[PDB]
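# Commentary on secondary and tertiary structure
One-letter residues, chain by chain:
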Protein chains: 2
Amino acid sequence: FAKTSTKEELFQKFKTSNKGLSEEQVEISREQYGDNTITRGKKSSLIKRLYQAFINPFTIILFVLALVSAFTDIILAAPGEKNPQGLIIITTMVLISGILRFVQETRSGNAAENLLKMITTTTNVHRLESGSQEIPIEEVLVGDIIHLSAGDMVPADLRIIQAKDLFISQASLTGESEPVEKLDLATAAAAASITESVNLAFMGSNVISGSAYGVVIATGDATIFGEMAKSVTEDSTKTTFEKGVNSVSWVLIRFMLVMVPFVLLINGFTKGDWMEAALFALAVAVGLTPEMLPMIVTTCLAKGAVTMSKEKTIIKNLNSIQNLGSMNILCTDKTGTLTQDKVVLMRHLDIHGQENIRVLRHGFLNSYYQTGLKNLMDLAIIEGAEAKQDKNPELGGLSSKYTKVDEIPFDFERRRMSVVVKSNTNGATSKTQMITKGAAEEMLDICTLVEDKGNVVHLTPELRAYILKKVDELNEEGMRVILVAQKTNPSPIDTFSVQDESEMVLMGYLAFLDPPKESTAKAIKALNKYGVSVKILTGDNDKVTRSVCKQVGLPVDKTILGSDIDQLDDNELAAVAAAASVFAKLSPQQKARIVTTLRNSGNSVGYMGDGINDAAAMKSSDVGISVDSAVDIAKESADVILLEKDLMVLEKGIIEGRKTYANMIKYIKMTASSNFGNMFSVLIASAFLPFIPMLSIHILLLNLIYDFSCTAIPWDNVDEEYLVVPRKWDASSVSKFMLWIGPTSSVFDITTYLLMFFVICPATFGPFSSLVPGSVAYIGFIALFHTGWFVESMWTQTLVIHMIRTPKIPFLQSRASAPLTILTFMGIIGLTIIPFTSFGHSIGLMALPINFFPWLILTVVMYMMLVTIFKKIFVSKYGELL
Amino acid sequence: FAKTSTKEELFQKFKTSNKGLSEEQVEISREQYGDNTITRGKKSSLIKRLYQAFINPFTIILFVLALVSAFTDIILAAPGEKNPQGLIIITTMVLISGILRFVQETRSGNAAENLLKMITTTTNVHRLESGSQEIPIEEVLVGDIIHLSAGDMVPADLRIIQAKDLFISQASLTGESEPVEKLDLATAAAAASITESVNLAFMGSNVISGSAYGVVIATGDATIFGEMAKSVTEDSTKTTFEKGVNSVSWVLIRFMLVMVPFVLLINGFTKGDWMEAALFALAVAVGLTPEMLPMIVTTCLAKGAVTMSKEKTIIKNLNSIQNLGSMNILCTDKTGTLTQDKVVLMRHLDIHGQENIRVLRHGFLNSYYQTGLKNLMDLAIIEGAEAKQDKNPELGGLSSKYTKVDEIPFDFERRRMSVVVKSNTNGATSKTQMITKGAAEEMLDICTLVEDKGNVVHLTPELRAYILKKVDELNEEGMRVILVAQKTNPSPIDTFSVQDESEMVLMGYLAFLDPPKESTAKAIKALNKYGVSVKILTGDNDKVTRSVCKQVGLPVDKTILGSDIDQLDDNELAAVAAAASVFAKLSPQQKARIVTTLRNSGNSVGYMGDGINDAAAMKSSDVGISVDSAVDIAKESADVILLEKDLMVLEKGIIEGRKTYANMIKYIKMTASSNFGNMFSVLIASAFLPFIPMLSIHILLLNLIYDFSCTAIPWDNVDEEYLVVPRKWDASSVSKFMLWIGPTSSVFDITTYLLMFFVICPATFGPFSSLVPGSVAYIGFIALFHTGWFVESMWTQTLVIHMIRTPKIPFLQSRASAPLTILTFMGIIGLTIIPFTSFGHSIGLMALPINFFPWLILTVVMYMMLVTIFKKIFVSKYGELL
Ligand SMILES: [Mg+2]
Ligand SMILES: [Mg+2]
């Protein structure tokens, strides 16, 4: 906590050695404080940290199901080599799921190029070697004498000891392209925010002209710019989506490790050899886990990103749009993001508070014949002249009458620009008037004549009070005022002096605000409509960010200043930030801290900005956006970088992202319930069946071929009501839903059991308990049961989706199954309904007797209606289906 | 034991003086044998013997309601007075069951007046005390010298010592009214059956002609008539119906003994309020018992008996028609029942086996002119000659052409009767014709000429050989044979005398037999079609019964006699009875012995009879059927009485007795299943519901208003494939239809347990676990949950009978139900108005919302499909969904 509090000790005296730094003292300084360097790095072993997640309940199944092959190996040959139709499928599934979990994050890693910039060298500095020279950056240290000249860049913060009308553009840290004066004088003892610390310089700021001497007092981590450079590394926190998917996988694992040992114990103690029990438990381990869930998740995310890639928005990280959908609080930079860093006239009125055409027309003249020096405020005046709709050409023709005799341009030493022009009225060369505008200070000091009530009077103390009150109403919004005044004079044979420019008749006041973008208000309203709070994080002065956001409609209440959050501890910081609004005067570390605390409270926080100072906040957020005017480094740190300028597209994301999550939270439940029910019946009927109902490979086929319809699940129609609230990744609701709707299938999977064990299978192959257990029709009976339960389970688990996807009254009310999904479903049922081919060496073909299908349709219909009842109960119990 | 083998000690002597018998002799007889009395008795405790059955669960239920009333009233005062609402109805139901069980049993008990009838005494006895007198059979002594005249009553079993062509009518024991000769000579010591007991007589027989002196061998219960009187009592054996009903009641008792102590323990261990657990167990016990089962059973039996009473067949016992339906073997008497006890001509034949009309004509005149004495034999000849297709009136003309000279009537010495007639053709006094008929043996000895092939030859030994061969050929066929001889006699000076009966000329022989009733063969065929075997237990000789067994059509092999069947043991008798179709020479002991043994072998046996000898078997059988020609004792001791003597109606009765059974079992399987289901769910809910789902009174109302339509089930449409095999009462068969298609209603009862837990929470009653245990909530919420699975449990168990009623036939191949049992069924479902009535305040039972019915319809439609699937699984595993 080494701060720069040595006031009046570091002024007028270097407080250290003047360039004669002792070697021992140099070593002491570099030990206790260190040098000025910025460290960065990359990684290429992302595979190690991206495999482990939901891959493990696949490599565990692989290890168990290959140890099964090893167990039947070394003893048997055909049973020990007929397994690989397992191991191979499970291994390629492991590889696919791992590669997909890799690509879901690879876009962020390979699209982040925040390293090309900085590491600046070749600094024009005064050194003891040869005076003013180009020196490498590693030769400037704490206590070194550094000079800022015309065109050189400051490499480290400085305690400036000499200044001469020095102006610096601090858009790198404050986001404001307008230059601000920087002086060598000691500031206030209590000081202010770091950006307003005139006595100290900032790394990364650009100087165009002027020279200044200073001494480096801070380097390393104490540099604010060093801070944002060091903060932007591969500290990519796990967003909401990753944690949600991990929690869902852990719910599945918590179910698997409770169900598997139970069925293992039952089938080991009850009837069979422990090899049969191991196979039986492997069946329940395979069935519970939806094998192609990562593929469906990736395809949903890809659909979202592709859709958002047509609204003209680069999506950098593929996992950004779901986070955009689940966005709860949007923290937004002010300078250049919602405003447009463009000075435009908004208040230009007489001393009574109404627009004066004459004064603005005079300003238009002084700015349109302004050939000496062009300045952004002059462009503001001229553009407002045309926005005013009062025609220019008369004034354009007034060049022939109100002829420009001469001009003293906007010289910065006196902050006065004075155009001396003659009023050729009606053809005669009349008197000459000069109009000077400049900063309010000198104008107020020199002005004693005022145009009031239509005449010219002296500047009385009451008129001074009135003018000061107008200045105060203009300043309280954080807007600077430039005074304009005309003076009449006879034809000047001699030149004009500064002392003659006094007692000049002032017209009024000017206000060049940075107006918010025309779509900002509509974007804020749309964001508030979809349950997304909006907060403002800007380094600008509090007054201007009350003025703005008192114009966009956002409730501005007790704007928190930077010092308050700096002195505030983390818990009450989180308490304040959530229940508050626009913040002011923040450093990049402050923005990152605020976003992080908002994250820790349980809110998925997105961020938007354009400046380099916003990079830390962009990277610390769940989803970092960037408007078109964003700087290149901010673009690289972004995730959903925009292109046009319109913020309306934000809602087109927030809508679309939500309709992705629903389509992903549908399947995740809609396939975890069924897969539970299918695996429930292989548990509570795992003791009465003298053989496993459906083998491991058959269940792998069922969970694979059915999961290719969920490839078309992302195109299903989410109705209109899920898309109004940012939904949280509630995995516990999954563990309830699949315990409520899942078992309703299991009973019918028992009805299919008894049926197919008593009337269908014994019909063709004779009654059971009368067949030789070795082989004869025992193989045929077992295969017929296998294929029949295959067909029935597939039908009944992929046709109930039309009943589960939507809340009450499907079809008629909510026209379900948008044609892509329903087409794929009926195109994949027609695939699984064919175990009649040469692909019946899957250890069951047993072409089903026609007698079975009437009993299959009767099961499907009655299961669909029972699921309707249980869906009603579930909706009426907790809050809804998902 | 003491058979008629005590010869040279008691036979050919008296062992006492002839009629010179003293007092010491009668005291010796009393000491050696005892009183000569017949034991008789009755009872009037039918109430105690007939209450116990399925009424004991009702009395236990009454006791438990009484305990609940006392417990809720010995502590509290307001709750302890609503228990009468259940106790009174249950205690009226106990009495209803008692009355309806006493009625369906005591009809046969008070329909038996066997002991009231019979009891004959006052026989003519000679004694030294007062000469000839009338001494009661209660006063006859062993060894009494008894004088026998025509028309007297035999006092005891009687070894005759003096006889002169003594003839005894033995229809009382053999069923044949035709007299049998009884001889006093020294007979065989080993003797034979009663029909061949030529040396001794039996009780109850009337002497037709002749006088005799005999000695009493035994008295009291040792006599055959005394034996049958002792065996025939009010010992109506438990028919198969009572055993089946007790088995069903015991199935229910085992089910409630397994369930009730489970619910009580679950609710006494969880939710530790033991009173509320006893209420749960009481509810389970109340809902498990079908409360109006005895009334439905009684109404089914009454419908069967009433509808059979219309077919000229008075039914004496309510259970007779049901036992007829469940009858498996029908044992019928031969004489009087299968045959018609009427001698009829069947073979008028010459001496060499050619149909000679001349012998028929000679018999015609020989009978038509026998005016001095008429007999059934002569009437038989006359009737058969009318029916022999030969025109009798032409023969009648010969009556005017053959006038009578004289006649020698049937004498008591030579046993021949003769008519001497003229041959006055056109009035011309030609030679006389003498025609003598009688027993073959005598006039076969006295014959000297025979007429063969139109000529006359001497009585050579060869022709006599063929005459006897054909005579005992007819005797082998059972035909009673008579011989007829003509003599061409020159005009005698005087009338025809005994010496005029020499030098006969035989013409031929005649065959008299009692042909079976013309409907006997058709009845036997119809019974054999319905899986009812027929046996011909009779006391007649083996020859005639073997002949009849061929005409009607039956297995003529293994004509098991009476001596051997008396010789062999019961265990072997069971084996040989099922392996034999015709039984001959049977004493009334043996008929009852055979019927009882066949009953013990697992066959429900009915008996048909017409005589006194039948009564023992009639009472020892499941159902006794009496023909029109039966003696009043046979009519009184039977259970079914015919009125048109047409056996063809019999099969019709069986059909009724089967369908009356089918509906009944269809009822028992309908209710006992549903009840179980509707009180299986409670078991499960016992661990989860915070309160009782239905109180005892609600379940009583459900089981009473649903059993008031099973009063209309007996009129439903029974199939036509169920009535082609005698169905046996099976308890296990109703315990496996109750575990199989019963728990398929629990699935749709745990659903309406949960739907009704989250569809009436919004019924202004708020969600549960939020209501204080006060009122207008916890009182209304519970009431609405009752009016839930009350209305729903009445709809789902009264409308699923149409699906279970029949074996596999969905709704159209059987025309499910008759208009009576569908109209009543829906008219009792329309009693879903109890909740919306002033009598909807039998505590609970509050007004249902309209919202419930769309779910009730869905549940009652869902449940029928599951019932169809389990019906198909049940039919295809056991064999009959009955
Ligand atoms: Mg399934
Ligand atoms: Mg029910």
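With the PDB entry as reference, chain A is termed Magnesium-transporting ATPase, P-type 1, source organism Lactococcus lactis subsp. lactis CV56. The title given to this entry in the Protein Data Bank is "Cryo-EM structure of a membrane transport protein". Recorded in UniProt under Sequence similarities (unreviewed entry), the annotation for chain A is "Belongs to the cation transport ATPase (P-type) (TC 3.A.3) family. Type IIIB subfamily." Regarding chain A, the relevant UniProt record gives this comment under Subcellular location (unreviewed entry): "Cell inner membrane".

Next up on the list: the coordination of the magnesium ion (ligand 1). By definition of the ideal shapes, four donors in a tetrahedron about a metal sit 109.5 degrees apart, and six donors in an octahedron sit 90 or 180 degrees apart. Residues and elements named next belong to chain A. Looking at the magnesium ion (ligand 1), one finds its protein donor set to be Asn678 (OD1) and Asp749 (OD), positioned 1.9 to 2.8 Å from the metal centre. Taken together, the positions of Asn678 in helix α23 (residues 649–680) and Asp749 in helix α26 (residues 743–765) put the pair 71 residues apart, joining distant regions of the chain. Like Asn678, the residue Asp749 is buried in the burial classification.

Superposing chain A onto chain B takes a rotation of 180 degrees plus a shift of 0.0 Å along the axis, which leaves an RMSD of 1.3 Å. What we have between these two chains is a two-fold relation. The C-alpha atom lying nearest the rotation axis in chain A is that of A:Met862; the distance is 3.0 Å. An overlap of 85% is found between the interface residues of chain A and their copies at the interface of chain B, pointing to a shared contact surface.

This next bit is on the packing of helix α30 (residues 791–798) of chain B against helix α33 (residues 852–875) of chain B. Residue and element names in this part refer to chain B. At a minimum axis separation of 9 Å, α30 and α33 run at an interaxial angle of 30 degrees. If you check the angle between α30 and α33, you find them roughly parallel. For the crossing formed where α30 meets α33, the hand is right-handed. Listed contacts from α33 to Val791, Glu792, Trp795 and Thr796 of α30 are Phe852, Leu856, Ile857, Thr859, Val860 and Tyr863. Looking at the contact of α30 with α33 residue by residue, the classes come out as seven nonpolar, two polar and one charged.

Let us now look at the interface of chain A and chain B. At the interface, 20 residues of chain A touch 18 residues of chain B. Taking both partners together, chain A and chain B bury about 2,000 Å²; carbon and sulfur atoms supply 89% of that area. When the area that chain A buries against chain B is broken down by residue, the three leading residues are A:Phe758, A:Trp855 and A:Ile869, summing to 26%. Here chain A and chain B share zero salt bridges between them. Linking chain A with chain B are one residue pair in polar contact. Sorting elements by how many residues they give to the side of chain A that touches chain B places helix α30 (residues 852–877) of chain A first, with 13 residues.

All names here are of chain B. You can see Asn603 is positioned in the loop between α20 (588–600) and β21 (605–609). Measuring from C-alpha to C-alpha, the distance between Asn603 and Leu398 comes to 60 Å, with 205 residues separating the pair along the chain. Setting aside residues up to four positions removed in sequence, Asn603 forms contacts with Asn328, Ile329 and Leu598. Of the polar contacts made by the side chain of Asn603, one reaches the side chain of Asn328; its length is 2.6 Å.

Procedures and definitions
Residues numbered from 1 in each chain as written, not as in the entry; some residues may be left out. Chains lettered and ligands numbered in written order. Heavy atoms only, no water. UniProt positions renumbered as here; feature names shortened; annotations may be inferred. Donors = N, O, S within 2.8 Å, 3.2 Å for Na, K, Ca; no water. Helix = DSSP H or I, 4+ residues; strand = E, 2+ residues; numbered from the N terminus. Buried < 20%, exposed > 50% of the residue type's maximum accessible area, 1.4 Å probe, protein only. Least-squares fit on C-alpha atoms. Contact = heavy atoms within 4.5 Å. Axes fitted to C-alpha atoms, helices over the stretch in contact; angles between N-to-C directions. Parallel < 35°, antiparallel > 145°, perpendicular 65-115°, else oblique. Left-handed = near helix turned anticlockwise from the far one by under 90°. Nonpolar A, V, L, I, M, F, W, Y, C, P; charged D, E, K, R; others polar. Buried area = accessible area lost by both parts, 1.4 Å probe. Salt bridge = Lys/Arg side-chain N within 4 Å of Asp/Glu carboxyl O. Polar contact = N/O pair within 3.5 Å; in protein donor to acceptor, adjacent residues only side chain to side chain.

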